[PDB]
Structures are given as structure tokens and as C-alpha cells.
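Using ideal geometry, Cβ is built from the backbone for each residue, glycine included, and neighbour counts are taken over all protein chains shown. None of the figures in this text is laboratory data; all of them are computed from the coordinates on show.
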Amino acid sequence: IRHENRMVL
Amino acid sequence: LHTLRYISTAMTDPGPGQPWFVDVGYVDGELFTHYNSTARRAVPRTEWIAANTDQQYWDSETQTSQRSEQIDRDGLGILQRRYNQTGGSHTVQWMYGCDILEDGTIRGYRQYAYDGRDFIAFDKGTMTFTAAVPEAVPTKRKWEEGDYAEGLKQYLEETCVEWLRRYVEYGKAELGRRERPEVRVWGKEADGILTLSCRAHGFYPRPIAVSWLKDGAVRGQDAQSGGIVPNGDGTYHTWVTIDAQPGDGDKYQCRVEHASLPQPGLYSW
Amino acid sequence: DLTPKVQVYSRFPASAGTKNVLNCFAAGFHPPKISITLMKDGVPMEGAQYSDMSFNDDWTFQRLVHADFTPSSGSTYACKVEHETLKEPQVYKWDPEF
């Protein structure tokens with residue numbers, strides 16, 4: 001499954 | 001031995017009618033899922049993933065992709081400003097996933113590129129983010145103060161691997177198959193030179209060795225290869241050429257070594 | 001920016017009158033916007049399918065275009081590529097090898 005993350009540049 | 005890779009592209013200039021955000025996933029190099037900013041749904045791309053997942057699986061994948069889309073939508077503006085750029089054509093790419101190697105060790109990675117050049121990558125072993133350029137230092141600093149490394153390590157070492165092992169079982173019949181190539185040797189003479197080509201059509205899996213032999217002995221002088229390129233159906237293609245003297249065609253053989261051939265194949269023009 | 005490296009080839013070793021698939025594979029390019037058109041006798045071929053935008057380990061972009069076709073002698077087939085690294089469309093001819 002895809003990684004649900006909240007890493008914003 | 002086995003790989004799970006997810007990638008995405010975010011574009012300021014995809015072209016007319018084309019989606020600006022495209023995300024695709026691969027198991028053992030085979031495309032098995034897709035999402036873009038136009039259809040806005042994550043979908044299966046093999047029969048073996050479709051047969052072994054349910055609607056909740058795809059609703060969850062879609063939710064994840066829509067979150068990735070909104071983050072990268074803003075990322076395009078963020079990095080244009082980071083680089084003091086005005087508009088123009090720019091891209092943000094990332095790739096992440098996990099590898100199961102043959103001895104049983106696991107690797108995991110997550111890396112980014114801006115305008116096609118390395119920007120930042122996870123260093124899982126030190127739980128830090130490696131800036132490739134000065135412009136990535138503000139990103140590194142934010143992700144390291146924010147303790148994102150914890151969840152990323154957990155995804156790469158646990159979630160990614162656990163699902164990769166399932167995907168390989170779901171697709172065992174397709175991923176583990178062997179398809180024998182159809183091989184053609186052809187010749188063309190021009191400018192006093194005979195160029196011999198050998199093309200292997202439709203082999204699976206991807207690794208292959210195609211060589212030219214002259215009077216039985218291997219020859220690489222003035223030989224060229226187009227590498228391995230894909231067919232529409234998940235099989236592969238490759239061509240190799242060699243330059244010979246006109247009239248010397250009978251002395252050459254093409255040799256094909258492939259998992260589908262218990263004995264290597266020899267072919268004449 | 002990187003110019004596309006293009007190969008044109010059929011799914012099966014071709015013979016006149018035998019159903020086949022014509023492939024055009026462009027790789028190694030940047031930016032990702034690209035036009036790739038399969039042609040028969042100077043006219044765009046019907047039935048073409050385009051892979052969704054993807055890229056290799058080195059971040060360079062690639063796309064496969066393919067269309068079902070039945071090769072005919074005395075027809076010519078090609079792949080026409082437009083990219084901003086190119087000053088004019090580049091036409092790559094298919095060798096039928098028969």
C-alpha cells in the first residue's frame with residue numbers, strides 16, 4: 001500500500 | 001529478489017489535456033496501480049491485484065493519493081520560491097519503497113528530485129534526511145524537527161515489506177512465469193558494411209544476455225545494443241547489432257541466454 | 001534538459017499480413033511533456049495507447065506508445081516525436097525486417 005504521510009517540502 | 005516501488009510526478013506543464021500529477025506503483029518491476037489528478041481515483045492495473053483487493057482497499061489508496069496530490073500541488077510553488085524562479089516548466093518527483101534481497105535483507109528508501117535532479121533522501125540508518133543541495137536544507141530541518149522519520153521508518157521496514165510479501169503471493173503465477181522470446185536475425189548492407197541485427201521479442205522475465213558470435217567466438221568489437229525496452233503486454237524486447245564485412249554473414253550467430261531457455265539459443269541469418 | 005532516446009519495434013517478428021503491434025518507446029528525457037505519434041504512410045495510426053507518465057531510477061522520463069497493426073509491404077511505418085529539446089519533429093522509421 002501507498003504511504004499516507006504529511007511530509008510537505 | 002522482490003521490490004515494491006511507488007513513484008509520482010508533479011508537473012507545472014504536463015501538456016494540453018494531460019494530468020499534472022501521476023502516481024504509479026510497481027511490484028517486481030510490473031505496474032500494478034495508478035492514480036492521477038484527472039480521474040482522482042487509485043485503481044488496479046493487474047488482474048492479480050484486482051482479484052485480491054476490495055473496495056475499501058482502493059478507497060484507502062485513493063485517500064492516500066489525494067493527500068499526496070495536494071501536498072505536491074503546493075510543493076511546486078514552494079520549490080519555485082525556494083529556487084527564486086518565476087513560472088516556467090518545473091517538476092517534483094519522488095520514489096519510495098522496499099527491496100527484499102536474495103539473502104533476506106531488507107532495504108527501504110524515500111527520495112525526491114526537483115527539475116530532475118536529486119533534492120533530498122531519507123537516511124534510515126541515522127534517522128535523518130540527506131540534503132542533496134542547499135535548497136533542501138530548510139526541508140531537511142523541518143522534517144527532522146517534526147519527527148517524521150519515525151513513521152517513515154515504520155512504513156518502510158514494516159508496512160511496505162508486509163504488503164510486498166502479499167503482492168508477490170497474489171501475483172505469483174504472473175510474476176513467476178517465463179515467456180520464451182521469438183528471435184529474428186536480419187542483415188542490411190550499406191556503404192560497404194553489413195550490419196547484422198538480432199532482436200529478441202517478447203521475453204519474460206526481464207534479464208537477458210544477447211551476444212554476437214563469429215566463427216564460434218564471442219565478439220563485441222563494433223557491436224551495439226539498444227538495451228531492454230518494454231512491450232505493451234509486460235514482456236520485453238532487445239536488439240543488438242554488429243558490423244561485418246559483406247559476404248561474411250554465414251560466420252555470425254546470435255546467442256540468447258534467458259531463463260526461459262534451459263539451453264542458450266543460437267540463431268543464424 | 002535531456003533529449004528523448006527513441007526506439008521503434010514490433011511486438012512480434014513481423015511478416016506481411018500477420019497481426020502485430022507497433023511500439024515506440026521514448027526514454028531518458030526531461031521535461032516530461034512529449035508528443036509521440038505512430039504513423040503509417042505519413043498519417044497517424046489508429047488505435048494507439050499511451051503509457052502513464054513514469055520515470056527510471058535516474059529520474060529521466062519515459063513513455064511507451066503502441067498500436068495494433070497488420071504490416072503491409074509497400075507501406076512505411078514510423079514514430080514521430082516532438083519535445084522541447086528538439087527544434088523540429090524527429091521521425092524514426094520502423095524496419096520491418098522482412
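Before we move on, is residue B:185 aliphatic (A, V, I, L, M), surrounded by 16 or more Cβ atoms within 10 Å (Cβ to Cβ) and within 27 Å of the chain's Cα centre (by Cα)?
No: the conditions fail for residue B:185.
Evaluate segment B:70-87: report whether one residue or more is aliphatic (A, V, I, L, M) and assigned to a strand (DSSP E or B).
Within segment B:70-87 (the criterion being aliphatic (A, V, I, L, M) and assigned to a strand (DSSP E or B)), the answer is no, since none of the residues qualifies.
Could you tell me whether residue B:82 is touching a residue at least 24 places away in the same chain (Cβ under 8 Å), within 26 Å of residue B:165 (Cα to Cα), charged (D, E, K, R) and within 13 Å of chain A (Cβ to nearest Cβ)?
Here the answer is no, as residue B:82 does not meet what is asked.
Is it true that residue B:89 is closer than 30 Å to residue B:172 by Cα, surrounded by 13 or more Cβ atoms within 10 Å (Cβ to Cβ), out of contact with any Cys (no Cβ under 6 Å at 6 or more places or on another chain) and within 11 Å of another protein chain (Cβ to nearest Cβ)?
Answer is no for this residue.
Hey, any hits in segment B:37-57 for a residue that's away from chain A (no Cβ under 11 Å), of a type in the set (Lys, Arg), farther than 15 Å from residue B:3 by Cα and within 22 Å of the chain's Cα centre (by Cα)?
Yes, that holds for at least one residue.
Could you tell me whether segment B:18-33 includes any residue that is in a loop (DSSP other than H, G, I, E, B), within 9 Å of another protein chain (Cβ to nearest Cβ) and within 22 Å of the chain's Cα centre (by Cα)?
Residues of segment B:18-33 in a loop (DSSP other than H, G, I, E, B): B:18-20, B:28-29.
Right, trim to within 9 Å of another protein chain (Cβ to nearest Cβ) and you get B:18-19.
With within 22 Å of the chain's Cα centre (by Cα) added as a condition, the list becomes B:18-19.
Yes - at least one qualifying residue is present in segment B:18-33.
Does residue B:77 qualify as being over 21 Å from the mean Cα position of the chain (by Cα) and either more than 11 Å from every other protein chain (Cβ to nearest Cβ) or in contact (Cβ under 8 Å) with a residue 40 or more places away in the chain (or both)?
Spelling it out, it is not the case that residue B:77 is over 21 Å from the mean Cα position of the chain (by Cα) and either more than 11 Å from every other protein chain (Cβ to nearest Cβ) or in contact (Cβ under 8 Å) with a residue 40 or more places away in the chain (or both).
Report, by residue number, each residue of segment C:51-88 that is of a type in the set (A, V, I, L, M, F, W, C) and in contact (Cβ under 8 Å) with a residue 40 or more places away in the chain.
Of segment C:51-88, the ones of a type in the set (A, V, I, L, M, F, W, C) are C:53, C:55, C:59, C:61, C:64-65, C:67, C:69, C:78-79, C:81, C:86.
Once the filter is applied, which keeps residues that are of a type in the set (A, V, I, L, M, F, W, C) and in contact (Cβ under 8 Å) with a residue 40 or more places away in the chain, segment C:51-88 yields C:64, C:65, C:67, C:69, C:78, C:79, C:81, C:86.
Which numbered condition in (1) within 30 Å of residue B:173 (Cβ to Cβ); (2) at the interface with another protein chain (Cβ under 9 Å from one of its Cβ atoms); (3) aliphatic (A, V, I, L, M); (4) touching a helix residue (DSSP H, G or I) at 6+ places or on another chain (Cβ under 9 Å) is the only one that residue B:11 fails?
Evaluating residue B:11 over (1) within 30 Å of residue B:173 (Cβ to Cβ); (2) at the interface with another protein chain (Cβ under 9 Å from one of its Cβ atoms); (3) aliphatic (A, V, I, L, M); (4) touching a helix residue (DSSP H, G or I) at 6+ places or on another chain (Cβ under 9 Å) leaves (1) as the failure.
For segment B:199-227, give me each residue that is within 14 Å of chain C (Cβ to nearest Cβ) and either under 20 Å from the mean Cα position of the chain (by Cα) or under 17 Å from residue B:246 (Cα atoms) (or both).
B:201, B:202, B:203, B:204, B:206, B:225, B:226, B:227
For segment B:90-200, which fully contained strands (runs of 3 or more DSSP E) count at least 3 residues that are farther than 22 Å from residue B:4 by Cβ and free of Cβ contacts under 8 Å to residues at least 40 places away in the same chain? Explain how you work it out, then say what you get.
Values: elements: B:91-100, B:106-114, B:117-123, B:128-131, B:182-190.
Qualifying strands (runs of 3 or more DSSP E): B:182-190.
Picking from B:9, B:53, B:38, which residue would you name as being among the hydroxyl-bearing types (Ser, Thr, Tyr), surrounded by fewer than 17 Cβ atoms within 10 Å (Cβ to Cβ) and touching a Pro at 6+ places or on another chain (Cβ under 9 Å)?
From the options B:9, B:53, B:38, the qualifying one is B:38.
Name, by its number, the condition in (1) more than 10 Å from every other protein chain (Cβ to nearest Cβ); (2) surrounded by fewer than 16 Cβ atoms within 10 Å (Cβ to Cβ) that does not hold for residue C:50.
Status for residue C:50: all satisfied but (1).
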